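In case you want the letters, here they are:
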Amino acid sequence: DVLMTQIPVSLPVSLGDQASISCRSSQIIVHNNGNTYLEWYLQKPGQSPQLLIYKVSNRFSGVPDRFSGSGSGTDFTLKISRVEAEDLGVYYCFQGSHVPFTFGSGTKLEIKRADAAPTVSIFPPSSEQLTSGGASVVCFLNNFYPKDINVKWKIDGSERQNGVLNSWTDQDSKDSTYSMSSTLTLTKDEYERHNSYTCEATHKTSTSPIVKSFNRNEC
Amino acid sequence: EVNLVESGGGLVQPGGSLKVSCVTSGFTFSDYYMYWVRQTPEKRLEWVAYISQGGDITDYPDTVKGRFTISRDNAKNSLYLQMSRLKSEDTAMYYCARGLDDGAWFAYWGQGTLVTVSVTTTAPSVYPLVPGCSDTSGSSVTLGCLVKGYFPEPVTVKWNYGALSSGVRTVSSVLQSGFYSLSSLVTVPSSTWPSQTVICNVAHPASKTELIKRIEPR
Ligand SMILES: COC(=O)CCCCCCCCO[C@@H]1O[C@H](CO)[C@@H](O[C@@H]2O[C@H](CO)[C@H](O)[C@H](O)[C@H]2O[C@@H]2O[C@@H](C)[C@@H](O)[C@@H](O)[C@@H]2O)[C@H](O[C@@H]2O[C@@H](C)[C@@H](O)[C@@H](O)[C@@H]2O)[C@H]1NC(C)=O
């Protein structure tokens, strides 16, 4: 068993940057001499991994010239001469010279860009859902940067809640911004008891809390 | 173009068994060694097995040898993997891969198939996410679909049968009370919707449930 090592585990890098990831094997690889079977894999968000380099430096059909692989013995390196937005993902190195075949721990590439403010949206629960026992109201914050955001829910303003569930979207492969949601789940009755629902997104780009609302009843 | 579509996948109880498959296309199946690779929840990649053109020479890692059995069918250009005595650690996304004549392992990967070892399966309820706050907007209208209460992973969300791809924002599935839920939201021009119709294609494979929802004004 040849355990592969990758440095670093995380790599925040800007656009137009030069990026190097290292892969180090427990001991020399080398199969039947015939070169070493060391490879590089990239897995973009929501997609299968994909072959970039193989045979240490043989760039798989279709991989851009910006991708380069190097190494000898136990040390191997992948340089991304000029980081493009489409490169965010995780890179792995594989060892196919000795059994068992080993994949590296993986290095995550993150693109550092300029701050961007979110675009809030409030979504009332649907009749469809109300019939199915409960009501969920979801506040959507879109296209911001950095990832760090804060979301507060005010029930009429009188209080905030704890039955809230937050979740983020992956960094965009060609926009480099995140997007997140914040769902507040209530019963249909407790919902049909209050007037307005509020969401206050407090992000660094803004000194003023982004507020969005709706009053669940007209006449 | 070479293809690799995995089949099977879903929930298997611990101690149970499963047999996934992988219908190959695009290339001459009987001429390459085939593979199976799994990616565990921590996105950790693992080689699982390999088979020769004849299916006489095969190998697996210690974490799988004995329990998993990879077979092949050349008349039906398909690859197989029988799993037995499944344990939780075995929960993963299974990809059948193809190598390279010149010296590469996984050059062509399949779409994937998730095997989950544990307790019960349920289809989600799909609802429309429509605007309500009459904020001073314009240019962009944001719509979405909420897929609530399903198990296990995953769910796939298409928009207008894969037409809409640029404005598609899909958040990670959060784990509710032993259940998952997620939102997919598409942002289309104010000129588009409500004029052009916008539909969300939702599919939970582990229950063979699929539906197309049409977001219309509230
Ligand atoms: C242009 O289209 C085509 O390629 C059409 C099909 C042509 C097939 C020609 C070859 C027919 C036999 O298939 C090859 O058998 C080799 C062994 O006899 C495979 O190599 C072995 O693969 C094992 C599985 O991973 C393992 O890696 C072995 O170490 C490896 O053997 C080693 O490499 C050989 C090439 C010899 O040097 C041998 O002495 C040595 O022990 C071929 O598999 C490919 O090569 C290996 C290294 C790996 O990269 C695989 O993923 C590749 O598929 C296999 N060839 C093919 C195309 O399947």
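All residue numbers are counted from 1 along each chain's written sequence and may depart from the entry's numbering; residues that have no coordinates are not represented. Chain labels run from A onward and ligand labels from 1 onward, assigned in the order the entries are written. Excluded from the side-chain calculation are hydrogens and water; included are all heavy atoms of the structure. Residues with missing side-chain atoms are left out of burial classes, side-chain pairs and their counts.

By the method listed in its record, X-ray crystallography, this PDB entry was determined to a resolution of 2.8 Å.

A look at the sheet that holds strand β18 (residues 210-215) of chain A
Residues and elements named next belong to chain A. When DSSP locates at least two bridges between a pair of strands, those strands are taken to pair. Put simply, DSSP marks the helices as runs of H or I at least four residues long and the strands as runs of E at least two long, and each gets a number from the N terminus on. The strand order across the open sheet formed by 3 strands is β14-β17-β18, and the pairing between neighbours is antiparallel. Here the strands that pair on one side only, and so sit at the sheet edges, are β14 (151-155) and β18. The mean inter-strand angle of the sheet, taken between neighbouring strand axes irrespective of direction, is 15°. Sheet topology places β14 next to strand β17 (residues 196-201); 5 bridges connect them, and they run antiparallel. Following the sheet pairing, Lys 154 is matched in β17 by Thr 198. Angles run from 0 to 180 degrees between N-to-C directions of axes, and those axes are lines fitted to C-alpha atoms, restricted for helices to the stretch in contact.

Quick notes on the pattern of salt bridges
Residue and element names in this part refer to chain B. For this analysis, a salt bridge means a side-chain nitrogen from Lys or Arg found within 4 Å of a carboxyl oxygen belonging to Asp or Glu. Tallied over the full model, the rule gives 17 salt bridges over all chains. We note a salt bridge from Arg 38 to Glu 89, for which the minimum N-O separation is 3.3 Å. Of this pair, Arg 38 sits in strand β4 (residues 34-40) while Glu 89 sits in the loop between β9 (78-83) and β10 (92-100); the two residues are 51 residues apart in sequence, bridging distant segments of the chain. Note on classification: 1.4 Å probe, protein chains only; a residue is buried when its accessible area is under 20% of the maximum for its type, exposed when over 50%, partly exposed between these limits. With a relative accessible area of 41%, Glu 89 lands in the partly exposed category.

Things to note about the interface of chain B and chain A
Facing 46 residues of chain B, the contacting portion of chain A comprises 47 residues. Taking both partners together, chain B and chain A bury about 3,800 Å²; carbon and sulfur atoms supply 60% of that area. Run the count over chain B and chain A and you get 3 salt bridges. With its nearest N and O atoms 2.5 Å apart, the salt bridge here joins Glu 128 of chain A to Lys 213 of chain B. For this analysis, a polar contact is any N or O atom pair within 3.5 Å, provided that within protein one partner can donate a hydrogen and the other can accept it, and provided that sequence-adjacent residues contribute only side-chain to side-chain pairs. Taken together, the connections running from chain B to chain A amount to 16 residue pairs in polar contact. With 6 residues, the top contributor of residues to the side of chain B that touches chain A is strand β11 (residues 104-109) of chain B. The residue makeup of the side of chain B that touches chain A, split by class, is 25 nonpolar, 11 polar and 10 charged. It only takes one pair of heavy atoms within 4.5 Å for two residues to be counted as in contact. Summed over both partners, the accessible area lost on bringing two parts together, with a 1.4 Å probe, is the buried area. Each residue gets one of three labels, nonpolar for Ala, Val, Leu, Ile, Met, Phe, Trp, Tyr, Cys and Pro, charged for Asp, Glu, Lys and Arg, and polar for the others, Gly among them.

Here we look at the pairing of β11 of chain B
Residue and element names in this part refer to chain B. Taken across its 6 residues, β11 has 5 buried, putting it largely inside the fold. Across 3 bridges, β10 lies against β11 in antiparallel orientation. For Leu 100, the partnering residue across the bridge sits in β11 and is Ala 104.

Section: the domain arrangement of chain B
One frequent convention defines the size of an interface as the accessible area lost when the parts assemble. Residue and element names in this part refer to chain B. Segmentation of chain B into domains returns domain 1 (1-119) and domain 2 (120-217). Each domain's limits were defined by an automated method or a database of domain assignments. Its C-alpha centre places domain 1 at a distance of 31 Å from the equivalent point of domain 2. On the domain 2 side, the residues contacting the 6 residues of domain 1 number 7 residues. Of the roughly 470 Å² buried between domain 1 and domain 2, counting both surfaces, carbon and sulfur atoms make up 74%. Three residues stand out in domain 1 for area buried against domain 2, namely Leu 11, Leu 114 and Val 119, and they jointly supply 67% of the buried area on that side. Joining domain 1 to domain 2, the criterion identifies 0 salt bridges. Secondary structure elements with two or more residues in the side of domain 1 that touches domain 2: β2 (10-12) and β12 (114-117). Of the residues in the side of domain 1 that touches domain 2, the class split is 3 nonpolar, 3 polar and no charged.

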